[PDB]
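Reviewing the structure listed below.
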Amino acid sequence: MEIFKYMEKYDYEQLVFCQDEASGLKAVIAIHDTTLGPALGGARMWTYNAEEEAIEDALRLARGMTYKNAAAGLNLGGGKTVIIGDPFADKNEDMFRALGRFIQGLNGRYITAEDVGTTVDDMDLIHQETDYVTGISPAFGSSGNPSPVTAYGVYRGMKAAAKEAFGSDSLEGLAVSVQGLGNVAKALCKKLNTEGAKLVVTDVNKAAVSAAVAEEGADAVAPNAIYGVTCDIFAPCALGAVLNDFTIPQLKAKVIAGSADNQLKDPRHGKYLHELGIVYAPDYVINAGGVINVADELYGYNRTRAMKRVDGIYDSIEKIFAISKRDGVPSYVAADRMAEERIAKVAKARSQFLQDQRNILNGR
Amino acid sequence: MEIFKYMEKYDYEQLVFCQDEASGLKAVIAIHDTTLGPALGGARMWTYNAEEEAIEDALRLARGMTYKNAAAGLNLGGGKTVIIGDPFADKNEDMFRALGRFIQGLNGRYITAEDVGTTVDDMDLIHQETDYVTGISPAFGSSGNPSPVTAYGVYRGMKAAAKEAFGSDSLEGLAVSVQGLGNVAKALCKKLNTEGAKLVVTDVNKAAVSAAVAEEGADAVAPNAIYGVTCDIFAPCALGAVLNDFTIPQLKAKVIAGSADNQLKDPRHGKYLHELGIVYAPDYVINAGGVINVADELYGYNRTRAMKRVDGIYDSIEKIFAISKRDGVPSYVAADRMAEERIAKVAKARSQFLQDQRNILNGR
Amino acid sequence: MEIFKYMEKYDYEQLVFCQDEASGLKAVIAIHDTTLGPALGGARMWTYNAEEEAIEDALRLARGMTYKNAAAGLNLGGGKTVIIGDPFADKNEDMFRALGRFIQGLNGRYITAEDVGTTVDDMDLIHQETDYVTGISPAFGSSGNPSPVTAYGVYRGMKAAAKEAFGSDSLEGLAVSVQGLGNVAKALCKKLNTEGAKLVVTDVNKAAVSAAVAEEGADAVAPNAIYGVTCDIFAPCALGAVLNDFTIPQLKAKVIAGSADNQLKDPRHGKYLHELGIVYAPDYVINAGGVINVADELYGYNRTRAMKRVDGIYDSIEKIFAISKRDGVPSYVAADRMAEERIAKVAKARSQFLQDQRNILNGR
Amino acid sequence: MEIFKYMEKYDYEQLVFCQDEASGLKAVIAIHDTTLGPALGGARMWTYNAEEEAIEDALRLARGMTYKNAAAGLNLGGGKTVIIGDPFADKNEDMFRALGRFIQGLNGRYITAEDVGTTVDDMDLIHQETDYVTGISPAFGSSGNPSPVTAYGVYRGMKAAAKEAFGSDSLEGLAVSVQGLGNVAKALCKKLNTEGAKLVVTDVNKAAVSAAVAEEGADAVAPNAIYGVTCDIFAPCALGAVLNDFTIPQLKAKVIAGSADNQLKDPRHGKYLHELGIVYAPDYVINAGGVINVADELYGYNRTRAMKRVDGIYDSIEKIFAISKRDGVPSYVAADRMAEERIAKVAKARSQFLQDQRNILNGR
Amino acid sequence: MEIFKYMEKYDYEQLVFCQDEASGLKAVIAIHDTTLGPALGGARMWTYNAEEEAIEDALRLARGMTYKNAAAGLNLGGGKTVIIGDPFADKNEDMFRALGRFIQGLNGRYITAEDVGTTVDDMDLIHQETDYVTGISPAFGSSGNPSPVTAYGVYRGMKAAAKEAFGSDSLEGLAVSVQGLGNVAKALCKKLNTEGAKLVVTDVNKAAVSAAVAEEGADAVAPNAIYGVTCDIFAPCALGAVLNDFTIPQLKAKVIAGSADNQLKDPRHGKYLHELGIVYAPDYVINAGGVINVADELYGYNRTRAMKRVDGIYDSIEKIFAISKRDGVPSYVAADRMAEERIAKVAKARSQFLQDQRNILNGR
């Protein structure tokens, strides 16, 4: 692979390879952009095919964080850590202690968190060496179940969509398909009922269908029948790539708004959607409640404040619709634009010299 | 006595003699190892036969703390203070004020706590001169009854043992002998019932037998009949040296797991046990909940966090079994090994230069 | 190229890729080992056809600094920067400002300095963004002319060298071949002249040849027969690999001692020079007077002190010798050992916890 | 040996045993009294057959520093380090790094310096780990040559001495025996020559004898008759205990004033010298010019200031005299008193609370 | 008046006259002793006969605080502020703002509080200029009603007395006269009933008698009949000087233990009491709960901790009895002795140098 080429292509700032033979640590820290502030991104641990593959994931994921964080209204840049190994067999204390030290060695340019393959336990180990790690506060632990906060954001983003589709933000009367009944989906449903909305639902797990059904009086369909349903809104809240060539054409819904990651199988599908006239609330923006929530910890965790932050998703989605017309582009595309514009505008308007600039670190 | 010889033998770092004629202070501070962090060890006050005896106790106890703290997963070294005198007649304010100053004079290399012969009152006096003392926080005072936390750790260590012996960690159905019904034993029993375990118990004190019996429907035996009992697990939760030549051979239990200190009368007994095939969860590891609990204070006391720390005893015991096979050694021996390996591995993996390393002091 | 594989092979700490599109910055910071202290290593700027080339060089050079700094008795680790680009044509202000920022972002884990392709002007720009740069102090510039010192270093190493070969340590009488007559070489000559020694000298630069002949009654020989001459000592002070298959046999002298880098083409040669009975003073040890000089600045430059540091070369060379007849190993092999031994020994002996450890940064 | 017993007897503050197996470090730091300020005392390295020997010496020497520093008018207490080992053969880098760390770990309660067995090179290594070391400043080295100063100190003390004996304070005319002709002695002589005084001198080193004779028109006598000579003043500047049963009777002079330590073999002698009517200028007071010199460095060395501090010796000697005819006590006894009186008086008068007290550390 | 004479007599440290014409401020700050720590004393504002009178009160009151604070076990010295003026007509903002500044100007040597003639409002004004003022915390305000804490201390001191008189600390069965039914008395009564003690009581105010009577079933007597009552303990909890020539001889009680200030009309009465064999718990020691309570604020107000502090009064009174025999002196006298001894002993045992001594300021 040609690192420098990839880096210049998208103007990445840094790529950091950390190694500790003693503990078996092999990690790649990717820092794409810190224009808005320190880079924040999870640490994922996984078995990797090829070194190149690992490097590529890191790069790719850090750039994504840049976008997500910007669009979420946060004052943070995009970064990501990828640790090469079997999360089920290779972990040890020592390795997270070394990693923590390398992070401390970046002095605030990068802030980590839990992700695929790592836990709060791991984070606690990292935390013995640096404060640049989030999601470990006792305050966050007590009142910080990501779940509800994410769900709250999808909900809010949903309202903006309805308004754009239908003309109003009341979900009262609307029929909504909910694909997947996880912790998030659960809560979203709640939010929905409470509003006077009708639920159609499915999940690979029965028990899940039941709780949801019992609780909120939902109509449970089979997993494959989810797309066909005659309803107003489709909430993909499970796996990604559910929006594709088979499914798209079966869609009865006018609005797509769910918590799942990477909903589209290809950009193409994004354009398809646009051509069909289905209102799509870009996944990365709408499901951001989770990042926004860990980021509040940096200020001294306040549930209530976090929620309020999350509340801005409505405004972000709304603005996304507006950019869409402004340039006659598909939603997914506008998401990117908004992010990009935010970085550029905020930066220009912060170019004045200050001897004591203030930043999200808050002492750390 | 030949101090330097003893010191080199085991590679002690320091031996500190503190004296203040005015107050009558005579104290010995022993610091065995600080590879993992500041040395933490109680201050014991006692009447001493010979100076040499005092010195020997200090040395001996500090080395023990090194092991205990390491095996407990803490980032602390081993130290101990021995004060020569009658705890019942020789104490005065002035002496603890001088001691406190000497401690402050070690600047964080050593952290004290209450132990045999000293109280929270004494600690408060030390605390007027230094912050390197633990167990005195108002937070710790409020929600920090060592008892439950220790008991919780024995309980957890017990589960690891059962699993190793029996094949599963459910104590449901198991019969358990509980020698001693102290504050800790009390709680352990609780934990047990709540799990669906059967209790056989004894204590020199009737009242104790009664409360336990009444409360949890236990079968009370006489003190001397404790060893003979037909049960699965023996929990020595009183005095030490209960595992010996008389008792061992009477054992019906397959698992030994209690809160008492220094269970074995000799290493020999440890080997005996091994030969008999009785699963022994080394005392110092399994009863560590108490140290782990005071150590959390250093982070700003959090009961819930402490418990979670304590939870790792399960993992430590488990690992102890594994080392046992790996080297075909008795449990007691593996405990030491694990500790030792932890020190060495953690150290290697922290050898990278940092201009602002972070440590357990947390400002202090 | 398998980075993690090479890193692991020698246990490299970090590999840092820095990129700045706007400025065209492409650099690689390699940090081999920081056991003894922050990594000190020059920044070089050079043209690279393949990324891999640059990456390898960085890795390679950083590892060398580890050895050089250690052996030199310094409390610094090994690092190096490689800037990909045409020094003659590619430089700009902006690129050095960016690099300076990345370096500040490593917070003292890495200190830079001038090298191939870079000038004090470049370092000055870096200096606007960080204090982690050396060789830029006003005093340094006023009194640390590298040449003079490095020269001094080769001299002393030469004497300790005569010692083992030519019984005594006086240069008196002695006939010395001086291959290469750049600045460092001149001085070596001045020092060599002013001691009662005679010099056969060579070079590609005619002028240069004259200056020496004039200045010091030296016989100018043909650039390609220098090896051949019958001299007491051969001082390679130009290009590398001069010690190979051809020249080695062609060699007369009993001692090898010059300023050049990578004098040996292969270890093989080091190994050959050995049986031969020729006393080869290791390049990296003997020519270290310049690092040492720049390192002093870290304490507030003092030509005097610096010079005194340099003197130590003699003893170092000396020590290399003994380690040779201690394991019966080649000179070049013993340099390595002496270095690795110092690292380990010093690391063990600093394993004690301190809350306010002192380090070379001297509050930088 | 009963440590606590000896400690209590003189109220020693601390006795610190430091050990580092890897380096072979075995040292004892004794801290007698820190009432006036941090303990200042040299570090000596010497061979010891018995631990007890070393322990005793440490204790002994530290107590002496208490007296010396006090009497000298300094705001420093008394301490001393004893490193057990062969200075000629046992030294290494690692051992001094370790010791340096232990010293840093005492946080200013103890300041070190060169002594028997140690060099400025040793102190430099200590210096890499702590600022609690003296006699290593570049300026000190540039302008605080101990000899010159100590010499100066003995001189002045000599004059205040003539004063009480030989009415005036002029050295003019005066015939002086100079036992021992090392550096300090030479100077004493230079100063003594350049004042109109005549010198009968001795030594074991022939060369030395010549230098003085030449340089200053001095009569060289036999090493064993020096006591005998008819001189005005006897200046013992070599070994100790020269004042004993044999020599005392054998003595002619009216004044005793040299640089040597432990001039008296026993107090008994001090007591004897007394009735005799011989004016004995206490060793520790009169030869203190070197401590004073090294102490100045604590403020940022100033030869001038240092020198001026030294002048005070005259007055101190003077004062010792008065305290003599004030209690009708021997010279040597009055030195002690003057010291203890200063400690107490100064301590009482500084008993007022201050939140930001000033101390000699001068932010070290 | 002769200030210096009075000052030397008792060794006062300082007398500070503060003036501000603009606001009309005239204040005298008296600092008697700060051996134990900063001086703490209330600010009293009153109309003063003569300047000399004011000065005399200040002096006199500061010395008293020295004793009280020492005997209470606090690490504080004695001071007092006297402001010349009509508390009912002369106060203004400006004057307390100036005073606050002068206090800040003493930098921690003196800490103020409310007293006769000043309020929390006044303290708040002082607090805008300095932190050296106590009793104004929101925490203290919430849970800091002096009342109960003082009462708790009298209660505890009472138990020590009973034990000395009667042989046991149970007040169960005892009859107790309570002179005065203020907020403190109220609570004390409570404490008493709750213990199974019998109450005899009186107060100039009916309502008071009633509440007490109703609540705790007390026997209310007339004010003048208080002394005659046939009971075990007399608790003077109102005005002082109640112990005199008339009253003393009427006493039926064996123990005197109340909250009132300056119980004795003359020392003489103290001796009388002693001769009569009535056990007297010195007022200033026993009623100290109030000072102890404000002093806890300095640590960050903790009600529970304060109470525990207060608990030591028992121990202080107890010790007072012991000194009484030890020297065959009256109680009142021993109180003073204890205080004095505490100052002297604590000071001696804190004479060791520390570069970073810790103190009650806690940052302030």
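Every chain in the structure tokens takes a letter, A first, then B, and so on in the order presented; its residues are numbered from 1, and the ligands are numbered from 1 following the presented order.
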
Using only C-alpha atoms, find each residue of chain B with at least one atom at most 9 Å away from an atom of chain A; report its shortest atom-to-atom pair and that distance in Å (one decimal), sort the rows by chain and rising residue number, and return the result as JSON lines.
{"residue": "B:75", "atom": "CA", "partner": "A:128", "partner_atom": "CA", "distance": 8.9}
{"residue": "B:302", "atom": "CA", "partner": "A:138", "partner_atom": "CA", "distance": 8.0}
{"residue": "B:304", "atom": "CA", "partner": "A:138", "partner_atom": "CA", "distance": 8.6}
{"residue": "B:305", "atom": "CA", "partner": "A:138", "partner_atom": "CA", "distance": 7.7}
{"residue": "B:342", "atom": "CA", "partner": "A:94", "partner_atom": "CA", "distance": 8.7}
{"residue": "B:345", "atom": "CA", "partner": "A:94", "partner_atom": "CA", "distance": 6.7}
{"residue": "B:346", "atom": "CA", "partner": "A:94", "partner_atom": "CA", "distance": 5.3}
{"residue": "B:347", "atom": "CA", "partner": "A:94", "partner_atom": "CA", "distance": 8.5}
{"residue": "B:348", "atom": "CA", "partner": "A:22", "partner_atom": "CA", "distance": 6.8}
{"residue": "B:349", "atom": "CA", "partner": "A:98", "partner_atom": "CA", "distance": 5.6}
{"residue": "B:350", "atom": "CA", "partner": "A:98", "partner_atom": "CA", "distance": 6.0}
{"residue": "B:351", "atom": "CA", "partner": "A:98", "partner_atom": "CA", "distance": 8.7}
{"residue": "B:352", "atom": "CA", "partner": "A:101", "partner_atom": "CA", "distance": 7.7}
{"residue": "B:353", "atom": "CA", "partner": "A:105", "partner_atom": "CA", "distance": 8.7}
{"residue": "B:354", "atom": "CA", "partner": "A:105", "partner_atom": "CA", "distance": 6.5}
{"residue": "B:355", "atom": "CA", "partner": "A:105", "partner_atom": "CA", "distance": 8.3}
{"residue": "B:356", "atom": "CA", "partner": "A:104", "partner_atom": "CA", "distance": 8.1}
{"residue": "B:357", "atom": "CA", "partner": "A:129", "partner_atom": "CA", "distance": 6.9}
{"residue": "B:358", "atom": "CA", "partner": "A:129", "partner_atom": "CA", "distance": 5.3}
{"residue": "B:359", "atom": "CA", "partner": "A:128", "partner_atom": "CA", "distance": 7.1}
{"residue": "B:360", "atom": "CA", "partner": "A:128", "partner_atom": "CA", "distance": 7.8}

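Excluding residue 16 of chain A and any residue on its chain fewer than 3 positions from it, the residues at most 8 Å away by only C-alpha atoms are residues 28, 29 and 30 of chain A; 14, 15, 16 and 17 of chain C.
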
(request) Tell me, as a ChimeraX atom specification, which residues lie within 12 Å of residue 268 of chain E, counting only C-alpha atoms; anything in the same chain fewer than 6 positions away does not count. (result) /E:241,243-245,248,274-275,330,332-333

(message) Please identify the helix (DSSP H, G or I) residues within segment 107-333 of chain E (assignment by DSSP from backbone atoms) and present them as a PyMOL selection string.
(response) chain E and resi 120-127+138-143+146-166+183-193+206-216+223-225+247-250+267-276+283-286+289-297+303-310+313-326+331-333

For C-alpha atoms, I'd like the residues from the last selection saved as an mmCIF file, in the first residue's frame.
data_model
loop_
_atom_site.group_PDB
_atom_site.id
_atom_site.type_symbol
_atom_site.label_atom_id
_atom_site.label_comp_id
_atom_site.auth_asym_id
_atom_site.auth_seq_id
_atom_site.Cartn_x
_atom_site.Cartn_y
_atom_site.Cartn_z
ATOM 1 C CA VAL E 120 -23.079 36.627 58.983
ATOM 2 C CA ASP E 121 -23.923 39.578 56.825
ATOM 3 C CA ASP E 122 -20.848 41.356 57.989
ATOM 4 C CA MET E 123 -18.807 38.229 57.451
ATOM 5 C CA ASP E 124 -20.073 37.989 53.951
ATOM 6 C CA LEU E 125 -18.771 41.461 53.300
ATOM 7 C CA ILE E 126 -15.372 40.566 54.748
ATOM 8 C CA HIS E 127 -15.521 37.448 52.612
ATOM 9 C CA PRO E 138 -23.322 27.368 52.290
ATOM 10 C CA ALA E 139 -22.523 23.873 53.710
ATOM 11 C CA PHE E 140 -21.982 25.287 57.109
ATOM 12 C CA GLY E 141 -25.172 27.345 56.704
ATOM 13 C CA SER E 142 -27.259 24.371 55.749
ATOM 14 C CA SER E 143 -26.136 21.869 58.322
ATOM 15 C CA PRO E 146 -23.812 25.679 66.161
ATOM 16 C CA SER E 147 -26.355 24.873 68.879
ATOM 17 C CA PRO E 148 -26.569 21.154 68.786
ATOM 18 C CA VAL E 149 -22.847 20.770 68.387
ATOM 19 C CA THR E 150 -22.074 22.872 71.423
ATOM 20 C CA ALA E 151 -24.742 21.079 73.423
ATOM 21 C CA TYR E 152 -23.330 17.796 72.330
ATOM 22 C CA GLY E 153 -19.928 18.812 73.774
ATOM 23 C CA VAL E 154 -21.273 19.896 77.133
ATOM 24 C CA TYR E 155 -23.109 16.629 77.289
ATOM 25 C CA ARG E 156 -19.976 14.674 76.610
ATOM 26 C CA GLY E 157 -17.921 16.745 79.021
ATOM 27 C CA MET E 158 -20.695 16.127 81.557
ATOM 28 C CA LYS E 159 -20.243 12.368 81.257
ATOM 29 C CA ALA E 160 -16.550 12.618 82.020
ATOM 30 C CA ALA E 161 -17.377 14.620 85.130
ATOM 31 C CA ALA E 162 -19.997 12.207 86.387
ATOM 32 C CA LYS E 163 -17.569 9.426 85.961
ATOM 33 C CA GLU E 164 -15.032 11.345 88.008
ATOM 34 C CA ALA E 165 -17.517 12.315 90.664
ATOM 35 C CA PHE E 166 -19.744 9.369 90.846
ATOM 36 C CA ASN E 183 -31.111 26.778 72.186
ATOM 37 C CA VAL E 184 -28.147 24.936 73.684
ATOM 38 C CA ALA E 185 -29.781 24.183 76.991
ATOM 39 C CA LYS E 186 -32.757 22.934 75.097
ATOM 40 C CA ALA E 187 -30.718 20.325 73.277
ATOM 41 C CA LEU E 188 -28.716 19.366 76.310
ATOM 42 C CA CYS E 189 -31.923 18.593 78.091
ATOM 43 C CA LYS E 190 -32.883 16.437 75.233
ATOM 44 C CA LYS E 191 -29.663 14.534 75.395
ATOM 45 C CA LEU E 192 -30.314 14.097 79.094
ATOM 46 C CA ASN E 193 -33.875 12.771 79.005
ATOM 47 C CA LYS E 206 -41.704 31.381 81.081
ATOM 48 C CA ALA E 207 -42.310 30.068 77.596
ATOM 49 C CA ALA E 208 -38.942 28.474 77.845
ATOM 50 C CA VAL E 209 -39.739 26.772 81.105
ATOM 51 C CA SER E 210 -42.932 25.478 79.554
ATOM 52 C CA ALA E 211 -41.494 23.960 76.393
ATOM 53 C CA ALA E 212 -38.819 22.268 78.381
ATOM 54 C CA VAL E 213 -41.284 21.151 81.033
ATOM 55 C CA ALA E 214 -43.860 19.901 78.564
ATOM 56 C CA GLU E 215 -41.372 18.229 76.290
ATOM 57 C CA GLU E 216 -39.113 16.524 78.771
ATOM 58 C CA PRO E 223 -34.430 31.455 89.018
ATOM 59 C CA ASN E 224 -33.129 32.160 92.505
ATOM 60 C CA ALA E 225 -33.915 28.728 93.763
ATOM 61 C CA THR E 247 -24.172 30.756 95.346
ATOM 62 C CA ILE E 248 -21.280 28.478 95.998
ATOM 63 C CA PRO E 249 -22.216 27.749 99.612
ATOM 64 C CA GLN E 250 -25.755 27.003 98.617
ATOM 65 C CA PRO E 267 -10.149 32.330 90.456
ATOM 66 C CA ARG E 268 -10.735 32.254 94.188
ATOM 67 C CA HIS E 269 -14.132 30.685 93.618
ATOM 68 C CA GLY E 270 -12.266 28.067 91.636
ATOM 69 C CA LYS E 271 -10.200 27.283 94.622
ATOM 70 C CA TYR E 272 -13.181 27.422 96.890
ATOM 71 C CA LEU E 273 -14.906 24.797 94.751
ATOM 72 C CA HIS E 274 -11.765 22.677 94.966
ATOM 73 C CA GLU E 275 -11.752 22.899 98.737
ATOM 74 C CA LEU E 276 -15.399 22.033 98.914
ATOM 75 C CA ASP E 283 -16.091 26.283 81.168
ATOM 76 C CA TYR E 284 -13.762 27.051 78.290
ATOM 77 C CA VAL E 285 -12.952 23.501 77.596
ATOM 78 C CA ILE E 286 -16.377 22.054 78.038
ATOM 79 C CA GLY E 289 -18.078 22.657 70.642
ATOM 80 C CA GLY E 290 -18.861 25.942 68.921
ATOM 81 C CA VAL E 291 -15.284 26.837 67.969
ATOM 82 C CA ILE E 292 -14.570 23.292 67.042
ATOM 83 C CA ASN E 293 -17.569 23.460 64.730
ATOM 84 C CA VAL E 294 -16.496 26.574 62.823
ATOM 85 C CA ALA E 295 -13.001 25.269 62.600
ATOM 86 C CA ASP E 296 -14.235 22.185 60.709
ATOM 87 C CA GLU E 297 -15.397 24.497 57.960
ATOM 88 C CA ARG E 303 -21.272 17.857 60.369
ATOM 89 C CA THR E 304 -20.479 14.334 61.136
ATOM 90 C CA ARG E 305 -16.774 15.023 61.362
ATOM 91 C CA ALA E 306 -17.314 18.040 63.501
ATOM 92 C CA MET E 307 -19.350 16.012 65.986
ATOM 93 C CA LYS E 308 -16.632 13.509 66.178
ATOM 94 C CA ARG E 309 -14.175 16.247 66.871
ATOM 95 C CA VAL E 310 -16.398 17.526 69.586
ATOM 96 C CA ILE E 313 -14.088 17.012 74.959
ATOM 97 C CA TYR E 314 -14.730 13.948 77.043
ATOM 98 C CA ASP E 315 -11.085 13.050 76.712
ATOM 99 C CA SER E 316 -9.948 16.606 77.430
ATOM 100 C CA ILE E 317 -12.023 16.891 80.605
ATOM 101 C CA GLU E 318 -10.864 13.509 81.698
ATOM 102 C CA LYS E 319 -7.283 14.537 81.217
ATOM 103 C CA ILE E 320 -7.963 17.695 83.130
ATOM 104 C CA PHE E 321 -8.902 15.652 86.191
ATOM 105 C CA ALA E 322 -5.699 13.733 85.881
ATOM 106 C CA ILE E 323 -3.501 16.844 85.785
ATOM 107 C CA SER E 324 -5.358 18.042 88.833
ATOM 108 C CA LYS E 325 -4.048 15.206 90.972
ATOM 109 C CA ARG E 326 -0.742 15.128 89.252
ATOM 110 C CA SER E 331 -9.483 22.023 87.763
ATOM 111 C CA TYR E 332 -9.514 25.508 86.405
ATOM 112 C CA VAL E 333 -5.818 25.632 86.801
#

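Atom CA of residue 71 of chain A is found 28.4 Å from atom CA of residue 175 of chain A.
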
(request) Would you work out the distance separating atom CA of residue 240 of chain E from atom CA of residue 312 of chain E, expressed in Å to one decimal? (result) 24.0 Å
